[PDB]
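Form solved without this ligand, single chain, as structure tokens, below.
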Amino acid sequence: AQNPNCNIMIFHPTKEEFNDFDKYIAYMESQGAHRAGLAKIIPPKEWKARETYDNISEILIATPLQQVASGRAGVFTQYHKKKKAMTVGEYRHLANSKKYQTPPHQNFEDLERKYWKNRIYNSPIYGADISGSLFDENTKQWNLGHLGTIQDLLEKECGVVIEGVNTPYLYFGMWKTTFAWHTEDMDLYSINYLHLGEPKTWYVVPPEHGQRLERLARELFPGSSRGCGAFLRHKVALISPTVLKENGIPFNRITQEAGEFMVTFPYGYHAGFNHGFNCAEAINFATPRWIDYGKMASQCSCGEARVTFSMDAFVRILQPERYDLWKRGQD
């Protein structure tokens, strides 16, 4: 078995190997990359997502989210308080202000220490889940707005034609902005490109060990657990690497820098934070190996997790028994 210790793998495709996205994902899995739950892909040096980022300031962040923490430094939840719209220019200025900017630090490790020590005492503002793309339409390779759709994958593998569309989302981050512990909707893959700015640190649990994370989470967030049998779908819970080590949960960590892709694999729980002002683009996708994970994915039916139009069809076709109760949650 390749990669038996489930380490995060880093790939350096050639321009030639960067032509066929599906085939490269399949290559990565042949080498065991999925075992980690997360891989890094460094694009060939000839590749570019677009010519420059000089003209992005007029993008609107219609609902910036202030991420308010509760709990203790290593075990907390966050809630998203909606703030007034601002442009990316305004947001960048805010991220760079004395109140919100990244503190002086030695290196990534020192900054990680500072994050876990101090995150709870601040409420950074995140521009998340903004429909859109920063890839130039002329970028032919690994353009997250030109991937094959999940609906087409399901049609190709299973023969059923369904409604729904699949488009990318932009994330504008600042110091301490945080993504809670989650897998993707319907345990899909995701791909994330860091277009610009400061890094993003990721933590990940191997898919084969995801249930160990869930068991810990139920112990650490006991009222949330009683409220919903899939409360990590709410995307609000954080657990530090110290806490995970104390409880024997297998995980890995890696820092993504501007110009790099990360791929999360089905049922790979991940969480992380941004180091300073940045912009990422991400999208879910499927492969044939995903199907069985989609069939088995947990669902939130308490009604908090409230998810896309397109997830309806996935649940309807892959989880017909759940369909009924899940849609009661969605309506």
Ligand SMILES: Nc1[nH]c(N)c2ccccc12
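Position 1 is the first residue in the sequence shown; the rest follow in order.
Below: the form solved in complex with this ligand, not depicted.
- Query: Heavy atom to heavy atom, is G71 within 4.5 Å of this ligand in the deposited complex?
  - Reply: The answer is yes: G71 has a heavy atom within 4.5 Å of this ligand.
- Message: Quick check on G159: any heavy atom within 4.5 Å of this ligand in the deposited complex?
- Response: Result no; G159 lies far from this ligand in the deposited complex.
- Wondering, does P222 line up within 4.5 Å of this ligand in the deposited complex on heavy atoms? Yes, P222 is a contact residue.
- Would you please decide whether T77 lies within 4.5 angstroms of this ligand in the deposited complex, comparing each non-hydrogen atom pair? Yes, contact at 4.5 Å.
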